[PDB]
2 protein chains.
Amino acid sequence: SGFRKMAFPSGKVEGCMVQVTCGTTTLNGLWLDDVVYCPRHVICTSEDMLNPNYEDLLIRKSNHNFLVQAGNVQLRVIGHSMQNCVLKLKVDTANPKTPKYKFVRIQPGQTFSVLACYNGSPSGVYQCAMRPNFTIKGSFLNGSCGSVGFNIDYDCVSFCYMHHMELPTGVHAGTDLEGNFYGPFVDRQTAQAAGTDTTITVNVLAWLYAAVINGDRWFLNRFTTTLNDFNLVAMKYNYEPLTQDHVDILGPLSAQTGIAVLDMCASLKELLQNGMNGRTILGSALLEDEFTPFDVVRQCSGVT
Amino acid sequence: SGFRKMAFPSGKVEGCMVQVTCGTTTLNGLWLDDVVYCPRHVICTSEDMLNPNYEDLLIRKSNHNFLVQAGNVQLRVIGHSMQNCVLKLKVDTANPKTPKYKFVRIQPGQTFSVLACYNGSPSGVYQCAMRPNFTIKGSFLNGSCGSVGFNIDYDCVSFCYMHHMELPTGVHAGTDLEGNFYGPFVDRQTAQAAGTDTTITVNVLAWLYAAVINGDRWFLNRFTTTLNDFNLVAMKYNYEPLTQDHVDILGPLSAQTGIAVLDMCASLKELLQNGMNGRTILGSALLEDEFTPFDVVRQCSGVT
Ligand SMILES: O=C1N[C@]2(C[C@@H](c3ccccc3)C2)C(=O)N1c1cncc2ccccc12
Ligand SMILES: O=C1N[C@]2(C[C@@H](c3ccccc3)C2)C(=O)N1c1cncc2ccccc12
């Protein structure tokens, strides 16, 4: 029993973290096979950050200007290209520690583990969610750039996120591993609107199921509701609208607890309208939306 | 910026996790050099759990009754002994992946990372605290037994915790790596009183410092207080008494924020007396006590 914000074990990703230096700028890179991936803003100086011309900046750079270090070992760079907002440095040596891996573009409301790194050395691991407005609420300092987000399915690592930017508002923006930003963000030091973040309704409901499984049941009420009636309340409280897809993926948790999805929706409605009244659910005084139904089932079934 | 419940990277510990089978019972073991450590209750059957005689049970066991598997590879057991509540199985092969490590008995209120394992394979990593009543509020299912807690200082792993028991109340009890229980617990399937848990006051104050550093300042008030006056309020609200040692270790955070410890104590007092009023601090509606002053400084300075 018990329920924790649990990260994937980070071993397979630690063996891929390197340091990339271009002039004075150092940040983290990801070494898979004979390619190192990193944020392209590694080629920027103090002078460039308001509006860098990345093509023009890259053109003044050669293979030997990119210093790639894995622990003590220096790597030899034999090719470089820019794909959207990432640099791909071809090195002469395949990473011996390369795990089975894919690159995935995740959807808003999905979760992943972040290995926070500095100078190509791992500092910490935590779990987080792509917010509906495509930001992440991470823990990143100067030099964390190029730190990666991932999921693990058995032996296969799915890299989904590369950290690029802290926004003036203190939240975090980055790319998939093909260098496309999540959300409207660009790699320029400007004020950029993230926009209105909503709560991930399907995730709150998954967490209510997690609570019931672990013995917190006080919020279960006598009521039910409809998908329409519920969504009218969701909208008022800046909750993502709930669809039949959401109801469908909550099926396993519905089956395990014997609580219909719409009965759980009716409990949520009363929590939104009446608050928690100073009570707690799974040691929290607010509604948690950073567990997917998958995460709850995994943690409640012990997938390894 | 941002502030997360961050775990240590788990790579160095993943390479040490093995499966130990004795008869029908399987749980996790820790393979360091040519010794495997695991909970001694691996030698118990359905018949034994109310009051096992571990000496008598062990005496009916030989080296070849202990099946130790690291992934596919079977290990050969060439010696066995019982040290308090752990079994030490000597195997013929030194773990090639053994990191630099120590065994440490941590103190209540200290934090560590848990690698939750099943059948000797790692499932997840999270951060948690030794509660003042020597329990931990983990996330453990059947077969998680022998999962370990640790800290990392540079390249050195300090193993502090081995998981043995879920208590009838849903909280978790285990040993140091010399097999001594934290708290009054025994490895018998009986109702065992954990007793009154308090809040770790020094940790709440560290987290208030973390909040101020990250821009949440609303709880800063015009007041100050005394260590005596504060402790009178602490006692009322089941908070650990604050000592000059606590005040001393908060010095670096005091220096970074320019807020005196006793001014922060006066803010805490008003939060305890008046509650949060529906407001939040670092995305939480309750006072968090699972960050040490060390953890806050580490996360706010980027130790790698
Ligand atoms: O270290 C940098 N540098 C940039 C500034 C930004 C940038 C954009 C265009 C051209 C050059 C640089 C990339 C940044 O946003 N961070 C941080 C990342 N995460 C967390 C941070 C926390 C504090 C300060 C900077 C951070
Ligand atoms: O799998 C076991 N087995 C014991 C029962 C307990 C025991 C004590 C004496 C002799 C034999 C066995 C050790 C346990 O407490 N757990 C669990 C651990 N963590 C989390 C658990 C969650 C659900 C069920 C059991 C759990």
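Hydrogens, waters and symmetry mates play no part in the numbers below; they use all other heavy atoms, side chains included. A note on names: the letters A, B, ... follow the listed sequences, proteins ahead of strands, and every chain is numbered from 1. Just follow the structure's listing: the first ligand is 1, and inside any ligand the first atom is 1.
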- Test ring-ring contact (aromatic ring centres under 6.0 Å, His included) applied to A:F3 and A:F291, step by step: CA-CA 10 Å; A:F3 204 77; A:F291 303 92; 4.6 Å; yes
- Pair listing, side-chain hydrogen bond (donor to acceptor under 3.5 Å, both in side chains) test, anchored in residues 126-135 of chain B, at least two apart: B:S113-B:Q127, B:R131-B:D197, B:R131-B:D289, B:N133-B:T135
Exercise answer, ligand 1 polar atom pairs (N/O) under 3.5 angstrom:
unit_1, atom_1, unit_2, atom_2, d
ligand 1, 1 (O), A:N142, ND2, 3.2
ligand 1, 15 (O), A:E166, N, 3.0
ligand 1, 19 (N), A:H163, NE2, 2.9

- Message: Quick check against the 3.5 Å criterion: does B:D176 have a side-chain atom that pairs as donor or acceptor with the backbone of B:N180?
- Response: yes
- Message: Checking the side chain of B:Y54 only, and the main-chain atoms of B:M82 only, is there a donor and an acceptor separated by less than 3.5 Å?
- Response: no
Per-pair distances, 0.1 Å, donor-acceptor, side chain in residues 138-149 of chain B, under 3.5 Å, sequence neighbours excluded:
unit_1, atom_1, unit_2, atom_2, d
B:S139, OG, A:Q299, OE1, 2.4
B:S144, OG, B:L141, O, 2.9
B:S147, OG, B:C117, N, 3.0
B:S147, OG, B:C117, O, 3.4
B:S147, OG, B:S144, O, 2.6

- Message: Tell me every residue that passes side-chain contact (heavy atoms from CB on, under 4.5 Å) with B:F112, counting only those two or more places apart in sequence or in another chain.
- Response: B:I106, B:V114, B:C128, B:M130, B:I136, B:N151, B:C160, B:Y161
